[PDB]
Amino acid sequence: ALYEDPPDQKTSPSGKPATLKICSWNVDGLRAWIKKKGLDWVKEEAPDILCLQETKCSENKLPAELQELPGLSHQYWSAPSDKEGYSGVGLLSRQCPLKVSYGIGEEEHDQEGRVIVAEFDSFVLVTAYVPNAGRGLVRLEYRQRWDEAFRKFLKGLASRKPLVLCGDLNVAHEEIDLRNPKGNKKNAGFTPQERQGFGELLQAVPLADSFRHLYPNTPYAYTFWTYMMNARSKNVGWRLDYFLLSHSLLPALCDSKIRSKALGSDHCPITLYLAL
């Protein structure tokens, strides 16, 4: 079954207007994505903050088109050392953040280029590219260890102002979050271990899944489709990309969108509207 994201709701339950628009996108190769016109779509979307995953691009190789973004002029990039064509995340913002950091504790040593933390006036933003369990689950145990380290890192951050965590969390939380739950229960992204880690993330920090909070029973809503076997044209997909919010931000929540039609990667953008 195909899916049509509902219209943008731009006012909070309190009646406050959205003042902040955040877009998150696993671009599956930033240089390729730009050649496939992904930046033209960002311009049409005009977010205040853009978070990117799988840039697969060290900062010296960023295309000049990224120098041409006057409304997203504060840019922060992270890539892993000695593994440049993998991972990589970016955060681009209209306003300058108060603080920026990289990693979840030991990036000066680990340097994975998967997490960026940016503190703004009223909230802390984290964008993440969560490590894949891999074909045949060969990296599932590392993913479980990373999950636990990430949870405890985030619990620390949420100690002060509210948290917004966005990005490719590389798990479909529940059966409604992918088209083939039963066939994928032993595949990366839908193992009981990864699903449980996502549940623990929500409970331990604590965080709410913005999209599911708003649309708790909506099926066929995905953010990823394999390039293989024309899966996207059939909407055989997974919901891997999320906006998770501290409970204290839920009165600020206007909408959480899935931009199904934006091409340029095997994930589509997701967009958050907050009334701060």
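Sequential numbering from 1, following the sequence displayed.
Judged by mean Cα B factor in the deposited record, 211 to 219 ranks above the other of 211 to 219 and 50 to 58. Looking at mean Cα B-factors across 202 to 210 and 104 to 112, the upper value is held by 104 to 112. Per the PDB record, 14 has a higher Cα B-factor than any other of 14, 265, 24, 260.
Comparing C-alpha B-factors across 145, 139, 94, 179 in the deposited entry, the largest value falls on 179. The entry lists a Cα temperature factor for residue 131 that places it in the lowest third of the chain's modelled residues. When all modelled residues of the chain are sorted by CA temperature factor, residue 42 is found within the lowest third.
Among all modelled residues in its chain, residue 183 ranks in the highest third by Cα B-factor. The PDB entry assigns residue 175 a C-alpha temperature factor belonging to the lowest third of its chain's modelled residues. Per the PDB record, residue ranking by Cα B-factor puts residue 236 in the middle third of the chain.
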